[PDB]
Structures are given as structure tokens and as C-alpha cells.
Amino acid sequence: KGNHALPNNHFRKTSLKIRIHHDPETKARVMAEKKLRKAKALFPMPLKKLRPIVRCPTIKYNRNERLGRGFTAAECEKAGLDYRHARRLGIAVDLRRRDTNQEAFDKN
Amino acid sequence: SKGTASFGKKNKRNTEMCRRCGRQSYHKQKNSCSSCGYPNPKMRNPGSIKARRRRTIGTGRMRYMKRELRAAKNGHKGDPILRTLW
Amino acid sequence: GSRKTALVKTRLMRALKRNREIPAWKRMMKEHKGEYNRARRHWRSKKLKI
Amino acid sequence: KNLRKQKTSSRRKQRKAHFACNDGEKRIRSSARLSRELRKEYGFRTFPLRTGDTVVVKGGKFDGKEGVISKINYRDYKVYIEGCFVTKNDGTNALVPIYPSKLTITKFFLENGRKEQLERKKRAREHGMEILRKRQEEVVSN
Amino acid sequence: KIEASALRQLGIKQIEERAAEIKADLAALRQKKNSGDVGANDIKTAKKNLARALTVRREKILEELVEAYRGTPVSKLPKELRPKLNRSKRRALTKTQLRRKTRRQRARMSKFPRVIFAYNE
RNA sequence: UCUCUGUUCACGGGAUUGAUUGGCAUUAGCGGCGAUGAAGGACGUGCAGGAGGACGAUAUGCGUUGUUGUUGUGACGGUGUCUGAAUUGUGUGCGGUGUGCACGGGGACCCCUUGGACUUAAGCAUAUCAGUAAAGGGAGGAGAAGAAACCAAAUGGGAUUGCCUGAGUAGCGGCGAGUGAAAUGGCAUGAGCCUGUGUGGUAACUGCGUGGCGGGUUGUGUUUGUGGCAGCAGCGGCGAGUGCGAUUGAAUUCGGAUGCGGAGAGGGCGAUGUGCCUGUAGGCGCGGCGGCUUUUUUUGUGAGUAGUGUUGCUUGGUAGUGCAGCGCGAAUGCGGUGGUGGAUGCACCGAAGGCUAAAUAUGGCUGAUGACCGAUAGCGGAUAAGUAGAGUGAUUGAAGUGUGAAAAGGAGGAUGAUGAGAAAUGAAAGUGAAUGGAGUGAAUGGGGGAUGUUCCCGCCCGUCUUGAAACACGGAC
RNA sequence: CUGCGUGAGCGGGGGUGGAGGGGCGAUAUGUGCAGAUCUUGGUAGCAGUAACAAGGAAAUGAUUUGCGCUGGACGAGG
Ligand SMILES: [Zn+2]
């Protein structure tokens, strides 16, 4: 009855479940104490690793850069280093990525 | 005569006390308890939602499990005499 | 009846020496006055079931 | 299962810890304060009670009396003192119970190993009043 | 009331014959209770005296065995002298058997050891 | 006297007001059973004892250690009748006759198997409810997953798991009712390794034992922490500062003074509280238990599998999205994939062996909280409640809180005592006694007047119905 | 018992009671009863009514006398 948009509300399954965390302020600060406790158990070394700069794929995001997963073995070699030894110095290495651009190879 | 007069014939007893669970439900001609399922090695699946909370962990005495819980708060040190061997 | 098993006899004995009122020296105390056992059974009204 | 240092400030939890604690904690909650002239020898304030101690009542119909404790009932928080009674409807007397926090200790009892309990607590307090002085005088520089 | 300290100077067979004397005066107290002629604290203290003599006797049988086995490792003790921890804490691998590595695998890690550094700013 | 109706006192019943060692919710940690005999059951234990609770022939409790003089108690260790997987058994590994392991309990959350109907489609059969409930097997503090035979179409990204956007969209569907993703982008957390082809100038290897036996060439190859670093919980103890006047049964009330504060959280005390007690803020002492942390040189492979014809199930997957039975059954400069069946370019990857923290889920237990309920509410259960009682059995299942500050005391009557007070408060329905008025008319109501009545008006409410005072239905209070 | 308000309702006085109770603005709702053959508890009329019992006697009753017909053992069940 009446002129309305046709409704599509899906509540026909009795098996459905609802989920709510009712106190997200105490949940955030309990996770920041966990994060500061790992940091001084690794004390001298900084708990995060150095990551490369990469480029977003399609034509919609073409003109945007970003932090990626890891460096390649050729980028590590030309910076005077072996990738087994870059991993002991807090540098992340990704052996899946391939090398196809010379400007981006130089920034990294 | 299926009413009052038929009740005067009911003097035979089919069950006895079960040696696993203690109810009057061990059927002697069947050789089987209708409550707990003895002599099957496992206990019978309860017949109702309330039946689960009438006989479970905690409805009896827990003679050993209470002791073990006090020992696991202190690292399970045992008798102080025998501690030299260990 | 006169015939009965050994396990039937020892449970009838336990039920028998339970059906008793609070002793008199405990009722005469200052902080136990007005107390009666209230878990009493009479053989005509309620049955034990073997 | 001691409960008198609960972190909670909930009313139902605090009344539950007062009316149902063990007998060890019923004795510490039955503690009394010392007089001025007895608090110059020992350094501390309140100490717990036992039979044989001499006290003084403060407030009520027995306000100002002095006597000796003849019986204590820690479980019910009741102290009986010789000299505070009433006459029943028979001609006989009976002693009246008083609450422990309305008494003041004067001249306590020193016979069943109690002379050493007072000396152990007199040493713990002067050792603790120096940790505070050294911290304070150095935090004076702080 | 006889003390637990007083019984800790006797031997194993001196305590056993001291426990047979307590059995006798319990037998006489059991007959006087039938006559309504027993005190109000008599049977209880004699009955607690015999529980003391039996715990001190197990303490001395257990000191014979702690000398009979001075060096045997815990696996090779009789099963009633081993520690009772948990069924689950008894089934688990040791900490030595959890951090072990193959010989080929820790030769591949010799040339690249661990470094201690610090990043600032 | 009886019937109806005023007034006062006494009953009857348990509403109302105020309390509460109980319930309910959210949040943080933990998730600790068993052949070294569990959970559950039966029977027993006190000088004088029935229920409950506690305990096991060492029985209404024993030892060590702390605190106590007390009906004593805290923290830890020992004992534990007869039963029950209940086993002096059955299956199985290593040995060669010795010695291990599995079984039961629980199952909210997790993995695997099996698998409904009510219901919606305004009927109903495909569809939907739903691969959900119930049933069965197997694990843990989490589990499962996981290091590209990937996604794509740019100048490309780069293991798994969770949340927001994408999006009620692309699509599936008696194209009906309905049903329904993912990639990219933005965040949290971040980590990668082991093996089947290892010497030949001599197995360089290890389960048992004290320089030996067993295994192994049809192929074994396994040092090391009373040291350091970071953390988490518990136990014990010390803990500042007060006195007068008025009212009261009693004051924390009211009126002058005088102090403490890193402590004016909360609770008790004859009543409404910063100095009456307990604690509180804040320092000291003592156990315990974990996490990281030791790196001799190595080269190469995964078949009754992948695929495929046919048959059945499943997915948004539309002409396989995935899985399985039966039958056929591969390759070695080779093999697989690119949202429409097939061909051919170009792009991107290496399956059919093994392990892997963290961010995620959740009955119960323990801490901390609350615009939650206040005895017909809140859990069935504020008490000797899964009890009393019912049923052949599987099962089923209540009702019941309050003397007082103090026992200072009562309990057939009368006379009395104690207390501030005879003692929680004590509504309506209905009744007894006394006393005022009226009546032989069913009663009760409105107007107008009056210490009852006399004149006028007035059928019993709610509901369905064209239409009710109805011989229409529900309604004793 | 008495005042104010068209009304829903709000005040004051005298007994009883023996510990707490309100106004005004915004905000959160398990927010207002005569009925549902409504739920649970208590209570009327009917009505001192229906129904049931009052077994042969002798001042007394271990004595005298009058009437009825199941009586005694084993098992199940208690
Ligand atoms: Zn059974």
C-alpha cells in the first residue's frame, strides 16, 4: 500500500546472529598496552620493518603510490647487501615481486 | 472392568535398583537401565533439556577434582619428603 | 514379606533410623527454640519405593 | 578467603564481608582504641580485645562505667563487662552486651603470650616510621 | 594427648606397638559408654591420638625408601614414587625436544647470525 | 426480634510504604578431569543428633607453617569403605616375556559425517525455511586456515585470518516468492621454513644398557642453559588525625571550639558521619611460575594421480562453482590457468608430500562495573530447591523473608512485670457488638429542595450488527 | 473531616504510624484497566442445608445376659 520503494530486508532466517562490542574505549587501550609490551621485549629493535613504495594497479588508481610488502633480491643486491642479511637488519624481503620499471627501481 | 477393578492386579514389579545410577529403572527381563543405559560403557543421551542439569559435573561431591584444582594454583609441588627424589 | 534381598534390607534399615524428631537437649537451647524436624514420614500416606 | 581488603566499593559486597567473614577476621573487626596515657608507651592506636582487659564505656546508658571484660563473642560482636547488668523478672541479674567500638582500653592483660604480641607490633611501627622519614626527607629534596 | 613430636623419636616398630596400646584403651572406653559412665571428652581424644600415630608411621616408612633410591632418575622410580602432576602434563614433550633442529638446517644459518641494532628517529 | 441504611469500637485477610548476605546484564582475565582408577552412585562417621552442610575405618576430621586463647581460624600437604570406563578385560607398539599406550567424563565455541519437517509462495509439486535443528565420530585454550599450477589487464599488485567500503550490486530464480558473491581502495596484525637422489681413504647414525645388545645399506644422519635478558600473578605486614553544651529510649541532628589530608572510596556502630572501629592513599618484605636467548658446506624429483565419458549431490557461478561413485586413464625443452562452447597468439604461474605465532569465536569460573528487578518482580530456586510431592518408565516439579537497640518476656483466662513502644505497617471484599433513623415498597441514580421519603425525569453494562432492555453472547464479589 | 480546579487531579486539619520524603527544567520508559468461559490469592449468598454417624441392655462393668459371621496358615505387595 502506497507509493514507496520496494523493500528488500533479509530477516527470513531464524539461524541469523547479531554481534556488538559494547565498550570499544576500553578495548582500544587494552590493545595499546599489548603493543607497548612487545616493544620493550624486543627492546633495541623497533618492532616494525622497513617496507617499499609501490604503485596501485588499475587505470582508476594509476596515479597513486603506497607502501608495499617487501623489497626484491635485486634491489637489495644493488644497495650493497644480501637478502639473507637484509632480513637480520629489519628489512622486509618479497621474492614474488618482479622488476619491470627503472625509475621505481631507483626510488627503492 | 478396565478401570477400578483392573488396578487390583498390579502386584508384579519389573525393575530393581540400578548399580550404576541408583534409580528404580533397571529392567530385569530386558537387562538394561532406562535412565543411564547400563551396561553400555557410555552413559545414555539425556531425554530432555532439564535432564542435563539434574545429573552432571557439580551436582555431586567432587572428591578428587577439588583437590587437583588447589594443587594447580601452586605448580603441583607434592609431598615435601619425596621432593628430594624429583 | 519375610523374604527379602540383602540390599533391600539395608536400605529399609537406613530409612528407619532417619524418621525421628530433633533431640530434646537441642530444642531446649536458647537459639534453637521453635524448631521441629519436619522431614517425617508415616507408613500409610507416603511410600518408600523399595 | 579473607575479604577486608576488597577493591570493590559495592554496598552488597561490603555488608557481605562484615556479616559472614571467618572467625580470624571477626577478631580484627572487633578492635578497640587505646587511651592517651597508654598510647605514649606503645606508639600505635587501636589494638584488638580479649578477656581480662580493663575498658571504659562511652555513650548510652552505661556511659562512663569501667570494668573488666568477662566474656567475648566474636561471631556476634558482643562484649560482656562486669558491672553492667539488669534484673530479670525473677530477682536474678544478667549481663548486657556492648558493641566493641564503643570501648577504650586501659590496662590490658599480659599473661598468655600477649606481652610479645604488643612488642612485635611496636617494632614494626617504628621500622615503618623510618622508611617514611628517609623517603620524606629525601623527597624533601625532591 | 600425646604429641606428634613425641612419636617422632621412636622407630617404625616402636610406633606400631604404641598404636596397639591405644586400641586397648579404646576398647575399655567403648564398654563404659554402654554403662552411661564415660566422660564428655574421653573417646574423642583417644581416637585422635591414633590418627597421629598412623601419619607419623607413614612418614618413617617413606624415609627408608628415599635412601634406597638416591640416584635413579624419575622415569626409573617405582610408579608410586613418581610425581602426580596431571595426565596432560605427563603426556607432553619436554622443552629440549621442542626447540631441536636438524643438522642440515642449522648449517644453512651459520653465515647469517643475529645482529643487535637500534633505530633512532 | 427480622430487613435495609448512618455512627463508634472489635474481628477477618495480607494490599500498600520502607528495607534486602538474592537475581539479571555488560566488560577484563582464565578455561586448570581420567588405568598414578575420574565424573556420578550406595552405605557409613559426633559421649549426648533427625534434616542440611561437612567428612571416609587416620570418618562431625589428621600433619606442617602463620595468626590466636578462642564455639578458634587462614594458606598448603596427607588419608579416602563398597562401587562406577571398572578391566585378573579387549585391541595394539617395542621387545622376545618384559614393559608401554587406547577406552570413560564433558562438548558453549571448533573440525569431519549424516540430515528433517513446521513455515513462505495468500492453493501447491521445482523453489523457500536450510545444508539450518535433531543424531553420530574427533580435538584445544582456542580450533581450522596458510607462504600462489593466485589475482589481473596498470607505469601493475603479492601467504593466511578479522572489520568498513564495493552492495542488496554482478548475477541465480514456476526471471515468481525470493536469493546473492568477489577483486580493487581504507584499516588491524604481520614470519617464514622442513623433506623423498648427503661419505666410499671404510654409517660419519641412533632406541635400550654399562669398552656391549637391538635396528639399519630395500639407506640411518637428534650437542648444549643451576647464565642471561624482558614480563605475569600471589602472599604478609606498617598505615595520619577530638573534646565540651542542648534535644532523645539512643544521636551521625542542632550550637561553640580544635586537628589530619598522596588518605573527604565504600561498609559497621542504639538514627541523617572528614578525626568512634574497619579499611582507604602511599611506601616496604617475601615466594612462585613463564616467554626470548647457543646455528659445521650440501644437490635434483611428488601417478591408478591430473584429466575425461556417464550418473547423483552442491554453488551467485550462469554450457562444472565445487565434490563423489563406476568406467577409461597422461606428459618431460614439458604441464596448468585467463566469469560463454571451440581454435589460435600474447600474459601469468608449477598441482597431485609435511609443519607454522599474531590480529578472530565462545556455556562456565574468578575480578570490576550498572539511568537493571525489589518477594504474583528478579533465575524454577533471597529459607534443610532440582528439595517436598507426581509417574511402570522416559520424564515432571511447587509454596513459603521481618519481635526488639538489647531477651530485658510472654504464649487457658484473670491479676501483672519489662520496654521509647506489647511490638514492622495493616487497605478492600465480608462479619460481630452497642447505639441513632427508616420499612412491608426490589434496590440504586439525576434535577429541584431538605436533619430519610412525598413533585418531575430515569430499563444493564461491555460487544458483533441494517437494528439490543432483549427469549443474542461474557460478567457472584 | 475539609478547601481549590469545567475535568484528569492537587492541598490543609485530628487520630494511627516510627523512617525518610519532595518542587522546577531537560532526558530514559516494562508509563495509567471494569470486562479477555483473563492469571494468582482471599472472601460471600446458597446453608447449619444435602450427605454421613448415633451398634441390644444391666447406677457400677476383669461380672451377668442379647445378637452377627468370615475362622487359621505359605507367597506377591507393605
Ligand atoms: Zn542406571
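Note on naming: letters A, B, ... go to the chains in the order of the sequence lines (proteins, then strands), and numbering restarts at 1 for each one. Values below: all heavy atoms of this structure, side chains included; hydrogens, waters and symmetry mates excluded.
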### Query
May C:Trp25 be described as stacking on the base of F:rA48, applying a 5.5 Å centroid limit and a 30° limit on plane angle?
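Stacking is present between F:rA48 and C:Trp25, given that their ring centres fall under 5.5 Å apart and the planes under 30°.
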
### Query
For B:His27 and F:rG393, is the gap between ring centres under 5.5 Å while the planes differ by less than 30°?
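Here B:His27 fails the 5.5 Å or the 30° condition.
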
### Task
May I ask you to establish whether D:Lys121 and D:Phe47 are in a cation-pi arrangement, using a distance under 6.0 Å from NZ or CZ to the six-membered ring centre and at most 45° from the ring axis?
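Ring-cation test returns no.
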
### Query
How many angstroms lie between CD in A:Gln102 and CZ in A:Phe105, if you round to the nearest 0.5 Å?
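Output value for this atom pair is 6.5 Å.
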
#### Entry: D:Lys78 and D:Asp76: CA distance, side-chain angles, deciding distance, salt bridge (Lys or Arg N to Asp or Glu O under 4.0 Å) verdict
CA-CA 6 Å; D:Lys78 290 184 187 295; D:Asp76 301 337; over 6 Å; no

### Message
Given a 3.5 Å cut-off on both pairing distances, which stems involving RNA chain G, each at least three consecutive Watson-Crick or G-U pairs, are present, if any?
### Response
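Stems for RNA chain G, defined as runs of 3 or more consecutive pairs: G:1-4 with G:9-12.
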
### Message
Could you check whether F:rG430 and F:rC11 make a Watson-Crick or G-U wobble pair, counting it only if both donor-acceptor distances come in under 3.5 Å?
### Response
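Yes; the pair between F:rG430 and F:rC11 satisfies the definition, which requires both distances under 3.5 Å.
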
### Query
For F:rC326 and F:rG309, do both pairing distances fall under 3.5 Å in a Watson-Crick or G-U wobble arrangement?
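Paired: F:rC326 with F:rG309, WC or G-U, both distances under 3.5 Å.
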
Determine the Euclidean distance between corresponding [atom1] atoms of [M] and [N]; express it in Å to zero decimal places.
N       : M       : atom1 : result
F:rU252 : F:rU248 : P     : 16 Å
F:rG291 : F:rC232 : P     : 16 Å
F:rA183 : F:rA133 : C1'   : 36 Å

Does any donor-acceptor pair link the side chain of [X] with the base of [N] at a separation under 3.5 Å?
X       : N       : answer
C:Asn37 : F:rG50  : yes
C:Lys26 : F:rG49  : yes
D:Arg36 : F:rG243 : no
B:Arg54 : F:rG397 : yes

#### Entry: Who pairs with F:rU8 - Watson-Crick or G-U, where each distance is under 3.5 Å
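Base partner found: F:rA433.
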
### Query
According to the Watson-Crick and G-U wobble definitions, with both distances under 3.5 Å, which nucleotide is paired to F:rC286?
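When the pairing criteria are applied, F:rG234 turns out to be the nucleotide that pairs with F:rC286.
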
### Task
Report, as a single string ordered 5' to 3', how protein heavy atoms within less than 4.0 Å touch nucleotides 65-70 of chain F: B base, S sugar-phosphate only, - not at all.
--SSBS

